[PDB]
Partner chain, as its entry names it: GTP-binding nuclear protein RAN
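Just one chain is shown here, as structure tokens, and it is the form deposited without its partner chain.
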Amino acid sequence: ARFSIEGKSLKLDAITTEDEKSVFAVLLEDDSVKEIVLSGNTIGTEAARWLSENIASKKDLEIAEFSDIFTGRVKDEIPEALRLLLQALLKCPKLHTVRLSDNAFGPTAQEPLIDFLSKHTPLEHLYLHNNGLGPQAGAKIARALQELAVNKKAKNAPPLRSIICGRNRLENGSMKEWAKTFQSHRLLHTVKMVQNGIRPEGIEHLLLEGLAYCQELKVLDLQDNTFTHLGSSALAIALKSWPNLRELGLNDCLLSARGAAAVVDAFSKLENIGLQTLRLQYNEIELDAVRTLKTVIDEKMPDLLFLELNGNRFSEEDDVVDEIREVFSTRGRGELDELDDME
């Protein structure tokens, strides 16, 4: 029920009659296959075409791990294989998770991608990390996902719950579009838009016009995007929208001292905070916010397991540090990160 050729570094311009009888033997004599991992290889057109037919018959397929399967191929030649693969996946009624990370999808590769994403209603978890999409394409993806929501509503399919789309230069450009996307999938659980060069205005809009609508949100990671006070203020207002929030990842987001103080203050006003992990590395956070944050944790975050504050504007030797450590010790649960690189 699980076929994989992970990291074998197989250059497959086409599936030879040889390996067809060995390497992919399983894909042939077994249709129960629930999972398929192809990552770590280079799939040429013909190979894809062969896989395309043997993937379309795996009606019990649930997971399609196709990340990193084009390394070494000319950007503008990847489309044909991508279309053949995605079209095969489209015929699998239980395929709920699909990863296509680490694949250079240029303007031409988009079409197949957009077509797929906008029609595959059983899709629940999407992983599209590091594809050099850029804002132009960034928005095209967001647009297609909005179409997916319409088709899901029509066909009564399960809701989309995970969207991992980082390191794709989404920037401020595609932000108005993505906000609409989140308005379309209010039952999401995990959203990770890391390292997308989004700036303050974009972060603000994303938060208030998008994520703030997802009241089921459990995990949110916006690591390495510029917030400043602006975005921080936005995040402050939004926090109250995520009562089920468990993980907030704000590492390297330049929240700023005042921004971070806003965020800590917003948290102090929330009841029943079931927050478990809070990442705030390199945010120019200063002592006073950390002092406030500490009582807030001690009095309003009974389930906190991890707190990351390294890289900020305060010393590891300041009395709050040992106070936070005391809250965790007394509780028998709770952990603070190694503060070995304060500013």
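We call the rigid core whatever largest set of C-alpha positions still superposes within 1.5 Å between the two forms. Numbering follows the first chain given and starts at 1.
The form solved in complex with its partner chain is left out here; the points below concern that form.
Undergrad: With the partner left out here, check for me: in the deposited bound form, does some heavy atom of residue 134 sit within 4.5 Å of its partner chain?
TA: Residue 134: contacts its partner chain in the deposited bound form.
Undergrad: Looking in the deposited bound form, any heavy atom of residue 302 within 4.5 Å of its partner chain?
TA: Contact with its partner chain, no.
Undergrad: How about residue 139 - does it come within 4.5 Å of its partner chain in the deposited bound form, if we only consider non-hydrogen atoms?
TA: Taking the distances in the deposited bound form, the answer for residue 139 is no, it never comes within 4.5 Å of its partner chain.
Undergrad: Would residue 42 count as touching its partner chain in the deposited bound form under a 4.5 Å heavy atom rule?
TA: Yes, contact at 4.5 Å.
Undergrad: Report the stretch among 114-122, 260-268, 175-183, 225-233 that approaches its partner chain in the deposited bound form to within 4.5 Å, counting heavy atoms only.
TA: Stretch 225-233 is the one.
Undergrad: For the three residues 127, 295 and 332, verify that every one has a non-hydrogen atom within 4.5 Å of its partner chain in the deposited bound form; reply yes or no.
TA: Checking in the deposited bound form: none of 127, 295 and 332 is within 4.5 Å of its partner chain.
Undergrad: To verify the annotation, which of these, 240, 91, 199, 205, has a non-hydrogen atom within 4.5 Å of its partner chain in the deposited bound form?
TA: Checking each option against its partner chain in the deposited bound form, the one that comes within 4.5 Å is 199.
Undergrad: Which residue, 209, 147, 247, 102, has a heavy atom that falls within 4.5 Å of its partner chain in the deposited bound form?
TA: Checked against the cut-off, the match is 102.
Undergrad: To test your reading of the superposition: with the rigid core aligned, which of 240, 199, 186, 75 moves its Cα by 2 angstroms or more between this form and the one not shown?
TA: The only residue crossing the 2 Å threshold is 75.
Undergrad: Relative to the superposed rigid core, does the CA atom of residue 323 travel 2 Å or more between this form and the one not shown?
TA: Result for residue 323: no, shift under 2 Å.
Undergrad: When you overlay the rigid core, is the Cα of residue 335 off by 2 Å or more between this form and the one not shown?
TA: Where the cores coincide, residue 335 shows only a C-alpha shift between this form and the one not shown that is less than 2 Å.
Undergrad: Relative to what we see here, could you say if residue 76 and residue 170 have their Cα atoms closer or farther apart in the deposited bound form, with a change of 3 Å or more?
TA: Residues separate in the deposited bound form, at least 3 Å farther apart.
Undergrad: Say whether the C-alpha atoms of residue 57 and residue 20 sit closer together or farther apart in the deposited bound form than in the form shown here, given that their separation changes by 3 Å or more.
TA: Relative to the displayed form, residue 57 and residue 20 move farther apart in the deposited bound form - a change of at least 3 Å between their C-alphas.
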